[PDB]
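Here is the file upload.pdb (PDB, N, CA and C atoms).
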```
MODEL        1
ATOM      1  N   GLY A   1     101.427 203.222  88.095  1.00  0.00           N
ATOM      2  CA  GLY A   1     102.771 203.615  88.506  1.00  0.00           C
ATOM      3  C   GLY A   1     103.869 202.947  87.690  1.00  0.00           C
ATOM      4  N   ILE A   2     103.524 202.487  86.496  1.00  0.00           N
ATOM      5  CA  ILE A   2     104.467 201.823  85.604  1.00  0.00           C
ATOM      6  C   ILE A   2     104.231 202.307  84.175  1.00  0.00           C
ATOM      7  N   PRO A   3     105.290 202.603  83.412  1.00  0.00           N
ATOM      8  CA  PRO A   3     105.143 203.082  82.036  1.00  0.00           C
ATOM      9  C   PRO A   3     104.379 202.092  81.161  1.00  0.00           C
ATOM     10  N   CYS A   4     103.555 202.613  80.258  1.00  0.00           N
ATOM     11  CA  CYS A   4     102.768 201.752  79.380  1.00  0.00           C
ATOM     12  C   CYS A   4     103.586 201.345  78.161  1.00  0.00           C
ATOM     13  N   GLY A   5     104.252 202.308  77.541  1.00  0.00           N
ATOM     14  CA  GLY A   5     105.067 202.002  76.388  1.00  0.00           C
ATOM     15  C   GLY A   5     105.088 203.133  75.395  1.00  0.00           C
ATOM     16  N   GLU A   6     103.918 203.669  75.105  1.00  0.00           N
ATOM     17  CA  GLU A   6     103.810 204.766  74.158  1.00  0.00           C
ATOM     18  C   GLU A   6     103.851 206.105  74.858  1.00  0.00           C
ATOM     19  N   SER A   7     104.238 207.107  74.105  1.00  0.00           N
ATOM     20  CA  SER A   7     104.310 208.459  74.603  1.00  0.00           C
ATOM     21  C   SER A   7     103.046 209.206  74.209  1.00  0.00           C
ATOM     22  N   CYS A   8     102.835 210.350  74.816  1.00  0.00           N
ATOM     23  CA  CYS A   8     101.674 211.167  74.520  1.00  0.00           C
ATOM     24  C   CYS A   8     102.124 212.598  74.266  1.00  0.00           C
ATOM     25  N   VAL A   9     103.235 212.717  73.543  1.00  0.00           N
ATOM     26  CA  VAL A   9     103.814 214.011  73.217  1.00  0.00           C
ATOM     27  C   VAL A   9     102.888 214.801  72.304  1.00  0.00           C
ATOM     28  N   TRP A  10     102.359 214.126  71.301  1.00  0.00           N
ATOM     29  CA  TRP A  10     101.449 214.753  70.352  1.00  0.00           C
ATOM     30  C   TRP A  10     100.033 214.218  70.534  1.00  0.00           C
ATOM     31  N   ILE A  11      99.886 212.906  70.410  1.00  0.00           N
ATOM     32  CA  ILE A  11      98.585 212.267  70.552  1.00  0.00           C
ATOM     33  C   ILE A  11      98.456 211.588  71.913  1.00  0.00           C
ATOM     34  N   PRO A  12      97.421 211.953  72.684  1.00  0.00           N
ATOM     35  CA  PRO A  12      97.174 211.375  74.004  1.00  0.00           C
ATOM     36  C   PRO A  12      96.623 209.953  73.914  1.00  0.00           C
ATOM     37  N   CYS A  13      96.966 209.122  74.886  1.00  0.00           N
ATOM     38  CA  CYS A  13      96.502 207.739  74.910  1.00  0.00           C
ATOM     39  C   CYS A  13      95.153 207.631  75.599  1.00  0.00           C
ATOM     40  N   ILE A  14      94.220 208.424  75.117  1.00  0.00           N
ATOM     41  CA  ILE A  14      92.871 208.442  75.657  1.00  0.00           C
ATOM     42  C   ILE A  14      91.899 207.823  74.668  1.00  0.00           C
ATOM     43  N   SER A  15      91.946 208.321  73.444  1.00  0.00           N
ATOM     44  CA  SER A  15      91.084 207.848  72.359  1.00  0.00           C
ATOM     45  C   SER A  15      91.473 206.446  71.880  1.00  0.00           C
ATOM     46  N   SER A  16      92.131 205.696  72.744  1.00  0.00           N
ATOM     47  CA  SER A  16      92.552 204.345  72.433  1.00  0.00           C
ATOM     48  C   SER A  16      92.003 203.372  73.472  1.00  0.00           C
ATOM     49  N   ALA A  17      91.481 203.934  74.571  1.00  0.00           N
ATOM     50  CA  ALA A  17      90.901 203.157  75.667  1.00  0.00           C
ATOM     51  C   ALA A  17      91.885 202.135  76.227  1.00  0.00           C
ATOM     52  N   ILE A  18      93.134 202.548  76.337  1.00  0.00           N
ATOM     53  CA  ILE A  18      94.183 201.690  76.878  1.00  0.00           C
ATOM     54  C   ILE A  18      94.166 201.752  78.402  1.00  0.00           C
ATOM     55  N   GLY A  19      93.789 202.911  78.920  1.00  0.00           N
ATOM     56  CA  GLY A  19      93.730 203.100  80.352  1.00  0.00           C
ATOM     57  C   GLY A  19      95.040 203.602  80.915  1.00  0.00           C
ATOM     58  N   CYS A  20      95.696 204.480  80.173  1.00  0.00           N
ATOM     59  CA  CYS A  20      96.951 205.054  80.611  1.00  0.00           C
ATOM     60  C   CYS A  20      96.797 206.547  80.811  1.00  0.00           C
ATOM     61  N   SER A  21      97.585 207.076  81.715  1.00  0.00           N
ATOM     62  CA  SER A  21      97.561 208.492  82.025  1.00  0.00           C
ATOM     63  C   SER A  21      98.749 209.193  81.383  1.00  0.00           C
ATOM     64  N   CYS A  22      98.496 210.346  80.780  1.00  0.00           N
ATOM     65  CA  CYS A  22      99.552 211.111  80.140  1.00  0.00           C
ATOM     66  C   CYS A  22     100.320 211.904  81.192  1.00  0.00           C
ATOM     67  N   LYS A  23     101.605 211.620  81.315  1.00  0.00           N
ATOM     68  CA  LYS A  23     102.454 212.293  82.282  1.00  0.00           C
ATOM     69  C   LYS A  23     103.846 212.444  81.699  1.00  0.00           C
ATOM     70  N   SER A  24     104.383 213.659  81.741  1.00  0.00           N
ATOM     71  CA  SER A  24     105.707 213.942  81.185  1.00  0.00           C
ATOM     72  C   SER A  24     105.741 213.560  79.710  1.00  0.00           C
ATOM     73  N   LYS A  25     104.605 213.800  79.077  1.00  0.00           N
ATOM     74  CA  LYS A  25     104.378 213.523  77.659  1.00  0.00           C
ATOM     75  C   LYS A  25     104.579 212.041  77.308  1.00  0.00           C
ATOM     76  N   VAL A  26     104.396 211.167  78.292  1.00  0.00           N
ATOM     77  CA  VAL A  26     104.495 209.724  78.090  1.00  0.00           C
ATOM     78  C   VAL A  26     103.362 209.047  78.857  1.00  0.00           C
ATOM     79  N   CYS A  27     102.896 207.905  78.379  1.00  0.00           N
ATOM     80  CA  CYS A  27     101.784 207.233  79.034  1.00  0.00           C
ATOM     81  C   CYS A  27     102.242 206.279  80.122  1.00  0.00           C
ATOM     82  N   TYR A  28     101.548 206.352  81.245  1.00  0.00           N
ATOM     83  CA  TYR A  28     101.832 205.523  82.409  1.00  0.00           C
ATOM     84  C   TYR A  28     100.575 204.883  82.960  1.00  0.00           C
ATOM     85  N   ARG A  29     100.759 203.767  83.641  1.00  0.00           N
ATOM     86  CA  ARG A  29      99.657 203.039  84.236  1.00  0.00           C
ATOM     87  C   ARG A  29     100.118 202.299  85.467  1.00  0.00           C
ATOM     88  N   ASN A  30      99.299 202.385  86.483  1.00  0.00           N
ATOM     89  CA  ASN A  30      99.554 201.741  87.780  1.00  0.00           C
ATOM     90  C   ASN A  30     100.982 201.985  88.258  1.00  0.00           C
TER      91      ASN A  30
ENDMDL
END
```

Using structure tokens, write down the structure that the file contains.
Amino acid sequence: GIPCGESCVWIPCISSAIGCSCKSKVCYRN
């Protein structure tokens, strides 16, 4: 429920194993 820092407009933050969810083209966590 808190922004991670990077966006996922083009590249999703999945193949990085950061543990963030792509939402509103931006990565969020907890």

The PyMOL selection byres ((chain A and resi 26) around 5) applied to the shown file, residues as a ChimeraX atom specification: /A:6-8,22-25,27-28

Looking only at strand (DSSP E) from DSSP on the backbone, list the matching residues of chain A as a PyMOL selection string. chain A and resi 2-7+21-23+26-29

Calculate how many Å separate CA of residue 2 (chain A) from CA of residue 15 (chain A), rounding to one decimal. 19.8 Å
